[PDB]
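Here is the structure we will look at.
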Amino acid sequence: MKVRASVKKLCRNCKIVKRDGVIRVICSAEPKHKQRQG
Amino acid sequence: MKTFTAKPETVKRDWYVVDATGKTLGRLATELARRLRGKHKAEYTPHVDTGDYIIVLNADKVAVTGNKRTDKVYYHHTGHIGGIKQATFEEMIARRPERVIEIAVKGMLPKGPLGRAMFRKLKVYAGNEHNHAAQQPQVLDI
Amino acid sequence: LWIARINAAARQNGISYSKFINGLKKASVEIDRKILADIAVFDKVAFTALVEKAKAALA
Amino acid sequence: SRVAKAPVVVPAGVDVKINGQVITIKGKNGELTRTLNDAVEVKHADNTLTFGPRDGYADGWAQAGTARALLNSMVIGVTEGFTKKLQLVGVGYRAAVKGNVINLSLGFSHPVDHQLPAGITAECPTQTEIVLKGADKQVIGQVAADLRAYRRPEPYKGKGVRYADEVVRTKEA
Amino acid sequence: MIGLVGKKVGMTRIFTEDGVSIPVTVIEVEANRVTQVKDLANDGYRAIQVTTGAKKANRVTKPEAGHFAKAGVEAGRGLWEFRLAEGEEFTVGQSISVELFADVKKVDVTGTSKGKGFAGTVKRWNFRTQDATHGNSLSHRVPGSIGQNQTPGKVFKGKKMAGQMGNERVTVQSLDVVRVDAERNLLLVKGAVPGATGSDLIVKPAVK
RNA sequence: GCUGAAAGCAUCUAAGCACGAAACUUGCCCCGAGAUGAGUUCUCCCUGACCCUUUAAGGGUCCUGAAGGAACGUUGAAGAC
RNA sequence: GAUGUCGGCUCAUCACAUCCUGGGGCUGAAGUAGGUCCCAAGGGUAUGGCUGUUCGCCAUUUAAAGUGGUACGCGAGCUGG
RNA sequence: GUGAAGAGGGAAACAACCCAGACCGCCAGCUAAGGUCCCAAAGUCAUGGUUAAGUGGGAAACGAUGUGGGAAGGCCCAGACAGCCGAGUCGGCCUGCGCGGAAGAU
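Protein chains in written order, with this note's numbering: chain A, 82 to 119; chain B, 26 to 167; chain C, 96 to 154; chain D, 95 to 267; chain E, 5 to 212.
Quick look at the structure:
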């Protein structure tokens, strides 16, 4: 998991979702692309 | 002449009964405090007590708005260094339902001996039954 | 003190203090708050009559 | 919206009962009951069910869509049913069934015993394969996930408990 | 489960055939007699009350005599109470003996500890002494500092200071039952228990 | 994580359901009804005549003195008193 | 027309930007052993040689020998290098 | 300009900020700044909108399919978008209110 203030898509398989008030990035191809805003 | 003043030895008081099911906490507390102080009688006098007795039923069924059922916090301190303690609205309703209405009403009454005496006329129950049939209370719809 | 007692008496007849004062001003009554409170405590039929006067003026 | 505007056919042999916001569906495979949101209206035309929003709520169409999907799943379940398949990969891994309990050996210092809930059935057509049968989609999915959580597939050889049709990526050191 | 009330006799040892010495405390447990049964409808909880011992007639007041005469038992030297668990029944006037512990393995013992009176911080709280030489001035067994400066400007509650020590209720948990002798009303347990020779003790089956 | 629309796909979440730590609330030990909101349960003791006055939770005289308590003495593995 | 200033001794109390023990995600994570980030303040957290030393170097231990505030905590509590 | 050498009302408390300049008495009336659910005097007043964060009731560069309004564009009943057949869908611009970034000692 990467925790930071600027979160964005890094490839074409990345997706942006909002869960319980937080902005997250989840990817189905690369586990290194998993991000959380905080 | 001189302005009229009430006398504690000759005031008249009455008994009422209220139901708290589905009501909003603060908007019920305002009415309770108003009638306990006695601001609805034309004989109101700031240094005398001229209120009524009120019974409240079904205290565990009072309502709140928004996300307050999990987000309102009650605090207190014990007197020992480090002794700060807290609870939530759900926890309070689970263990001591009557304190919820009691604290709200006590916050809206005057601070001092007369306010403490005004607080003594409130009777709060968590269920649907009371044992004051000898005083013959009348129904009050708020 | 006078104002508080007048509010209590008016709301038992079905009106608020502010509307009551407005109605008396429009009906051209010049009784002051001291006397109004005295009547509110010691004579209720007269106070009801005054409230009716104010309501008719406001209508 | 689009999902919620498609009605649900009620075939022969299935009984539909509606009471306020409670719906009961009965068929040869069993009985199911559910309570719906207070912003959805459901109607039973002649042999079809239709769903619509109620006036006064700001999210009627989404709730209608969810209710449609749920009712369709109920109707399929009370006639056909659902099944899931699990596979074991590793050395010395084994499974067995007795009554409504599954016994698993997965390389621990103690055996694993799992108790099935009410309405689910299990079978082991081999020492390295499990098949679950039921009539509730959510319950069957939850049981499969609970079974899989005891030993998840690992990334260097693939060992563990997996779904039958699941892709497991691997890498080297 | 329920327990019993006994008296402390003293300490001795038991020699085993393998060459081990076990230190034991001897407790005398006479018959406990039931004086009252409390239930839910009348009191709000479930318990029994017991007495034991003997008392001289010219020291029993009239209220106490009437209470004992309602039950039908001889007067004893005190009254005690025990809480009941589900599935337990008793009747007024019944006797209970030491054979209750015939199959128990571990017990808890409660009593009143010995008195030391007014005690200092070295004995009461394990404070360290200051120097005995090197220029100390009248400060050898004194406590030292008791706070900070202007912030907070007071002494906190719970501070550790000199005062009364001993003479209070203490409990010791999980002691082995070495012997139960019903012909002589004796219970032998392993280890030491609170109190002095001749004091009253309460014995219960272990909670942990 | 399961089921699932807004967004015919996908999505742990918006409606529903399941796990998850020495931190939180209990379970272990001690104090505790001055908790003025001063609580409950068992037992014991007291069953006489009159007068005055401003007439009331009024004042006084004679006869009676219970259950219990305190004081004194011999004292304690209880204690500065 | 006076609020005694460094270091040591005795006695402590709070924060969390976490030294050890507890729970997790990614790894250029095969296992053992590591790197980095997130959650968590219940409890625990060295003895000596040199020097007036706080620091610091050295010797030998420990799961670990945390960082800061409290008149750079504490002389109507002690010492006086 | 005010305090110094100036009282009264408001800003919780608060010389220097806002309103306003105390000769004495009254149990009369109207207003200023600021206010009208209870502590505490006076609208739980009326009509049309926005917020779901207790925002209101502390803070930036930067990041995001939160959601209200406005003017223009590309594709489409000669079949558009997504998935594997039948009405919409794409991406910029200007503007209102909210969300993260946000750790301290009785």
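All residues carry an ideal CB built from backbone N, CA and C; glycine is no exception.
I need the boundaries of the beta strand (DSSP E) containing residue i, first residue and last residue.
{"i": "D:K227", "result": "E223 to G228"}
{"i": "E:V176", "result": "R173 to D185"}
{"i": "B:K86", "result": "Element bounds for B:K86: n/a, residue is neither H nor E."}
{"i": "D:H138", "result": "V134 to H138"}
{"i": "E:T16", "result": "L8 to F19"}
{"i": "B:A112", "result": "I109 to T113"}
{"i": "D:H208", "result": "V206 to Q209"}
{"i": "E:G121", "result": "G119 to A123"}
{"i": "B:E123", "result": "Run containing B:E123: none in the beta strand (DSSP E); it sits in the alpha helix (DSSP H), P122 to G132."}
{"i": "E:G167", "result": "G167 to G170"}
{"i": "C:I98", "result": "Not the beta strand (DSSP E): C:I98 falls in the alpha helix (DSSP H), residues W97 to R106."}
{"i": "B:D166", "result": "Taken as a continuous stretch (DSSP letters only), B:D166 belongs to no beta strand (DSSP E), as it is neither H nor E."}
{"i": "D:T127", "result": "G124 to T129"}
Going by CA-CA distance only, name the one from the options that's closest to residue i.
{"i": "C:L96", "options": "B:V43, B:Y41, B:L53 and B:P71", "result": "B:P71"}
{"i": "E:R81", "options": "E:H138, E:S141, E:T39 and E:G199", "result": "E:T39"}
{"i": "D:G124", "options": "D:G171, D:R245 and D:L165", "result": "D:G171"}
{"i": "D:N131", "options": "D:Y244, D:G254, D:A216 and D:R162", "result": "D:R162"}
{"i": "D:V185", "options": "D:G150, D:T129 and D:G254", "result": "D:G254"}
{"i": "E:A73", "options": "E:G97, E:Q134 and E:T125", "result": "E:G97"}
{"i": "B:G47", "options": "B:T35, B:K37, B:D74 and B:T90", "result": "B:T90"}
{"i": "D:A239", "options": "D:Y250, D:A258 and D:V104", "result": "D:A258"}
{"i": "E:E187", "options": "E:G14, E:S178, E:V33 and E:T20", "result": "E:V33"}
{"i": "E:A210", "options": "E:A79, E:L179 and E:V126", "result": "E:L179"}
{"i": "B:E34", "options": "B:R124, B:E56, B:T103 and B:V73", "result": "B:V73"}
For the alpha helix (DSSP H) containing residue i, list its first residue and its last residue.
{"i": "residue 69 of chain D", "result": "The question about residue 69 of chain D has no answer here: the residues shown for chain D are numbered 95 through 267."}
{"i": "residue 156 of chain C", "result": "An answer regarding residue 156 of chain C cannot be provided, because it is not within the stretch 96 to 154 covered by chain C."}
{"i": "E:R37", "result": "Per DSSP, E:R37 belongs to no alpha helix (DSSP H); it is in the beta strand (DSSP E), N36 to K42."}
{"i": "C:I130", "result": "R128 to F137"}
{"i": "B:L61", "result": "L50 to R62"}
{"i": "E:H71", "result": "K66 to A75"}
{"i": "B:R141", "result": "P138 to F144"}
Below 8 Å on the Cβ atoms is my contact criterion, and I expect residue i with residue j to pass it. Report the Cβ-Cβ distance as a whole number of Å.
{"i": "D:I234", "j": "D:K178", "result": "6 Å"}
{"i": "E:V9", "j": "E:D204", "result": "7 Å"}
{"i": "B:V43", "j": "B:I167", "result": "6 Å"}
{"i": "D:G121", "j": "D:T160", "result": "The pair is not a contact, with the Cβ atoms about 22 Å apart (cut-off 8 Å)."}
{"i": "D:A98", "j": "D:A152", "result": "At roughly 16 Å, the Cβ-Cβ gap does not stay under 8 Å, so D:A98 and D:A152 are not in contact."}
{"i": "E:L190", "j": "E:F105", "result": "That pair is no contact at about 11 Å."}
{"i": "E:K12", "j": "E:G199", "result": "5 Å"}
{"i": "D:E217", "j": "D:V206", "result": "So it is not a contact: roughly 18 Å between Cβ atoms."}
{"i": "E:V159", "j": "E:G148", "result": "Their Cβ separation, rounded to whole angstroms, is 13 Å, which puts E:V159 and E:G148 out of contact at 8 Å."}
{"i": "D:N194", "j": "D:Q209", "result": "7 Å"}
Near-chain C residues of the stretch 54-76 of chain B (beta-carbon distance less than 7 Å), N- to C-terminal order: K64, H65, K66, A67, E68 and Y69
Interface residues of the stretch 99-126 of chain C facing chain B [CB-CB below 8 Å]: Listed by position along the chain: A99, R100, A103, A104, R106 and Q107.
Sufficient close CB pairs (3 or more, under 8 Å) joining the stretch 79-90 of chain B to the stretch 139-156 of chain B: yes
Residues of the stretch 138-149 of chain C whose Cβ lies closer than 8 Å to any Cβ of chain B, in chain order: none
Contact between the stretch 54-66 of chain B and the stretch 88-99 of chain B (3+ Cβ pairs under 8 Å): no
Stretch pair the stretch 42-61 of chain E + the stretch 163-176 of chain E: three plus CB contacts closer than 8 Å: no
Segment contact, 8 Å Cβ cut-off, at least three pairs: the stretch 74-81 of chain B with the stretch 35-49 of chain B: Under the Cβ criterion (8 Å, minimum of three pairs), the stretch 74-81 of chain B counts as touching the stretch 35-49 of chain B.
The stretch 132-147 of chain B / the stretch 102-117 of chain A touching (three or more Cβ pairs under 8 Å): no
Stretch pair the stretch 106-119 of chain E + the stretch 81-90 of chain E: three plus CB contacts closer than 8 Å: no
Residues of the stretch 27-58 of chain B with Cβ closer than 9 Å to any Cβ of chain C, in chain order: Shown in chain order are the members of the stretch 27-58 of chain B whose Cβ falls below 9 Å from a Cβ of chain C: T28 and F29.
Validate contact between the stretch 191-201 of chain E and the stretch 28-39 of chain E using beta carbons, cut 8 Å, 3 pairs: Yes: the two stretches touch, three or more of their Cβ pairs being nearer than 8 Å.
Meets three-Cβ-pair contact criterion under 8 Å: the stretch 124-143 of chain C and the stretch 128-144 of chain D: no
Contact between the stretch 90-104 of chain A and the stretch 98-116 of chain C (3+ Cβ pairs under 8 Å): no
Segment contact flag, the stretch 115-126 of chain E with the stretch 157-169 of chain E, C-beta cutoff 8 Å, min 3 pairs: Yes, they touch.
Inter-stretch contact at 8 Å, needing at least 3 Cβ pairs: the stretch 196-207 of chain D / the stretch 243-260 of chain D: As far as the Cβ criterion goes, the stretch 196-207 of chain D touches the stretch 243-260 of chain D, which means the pair count is three or higher.
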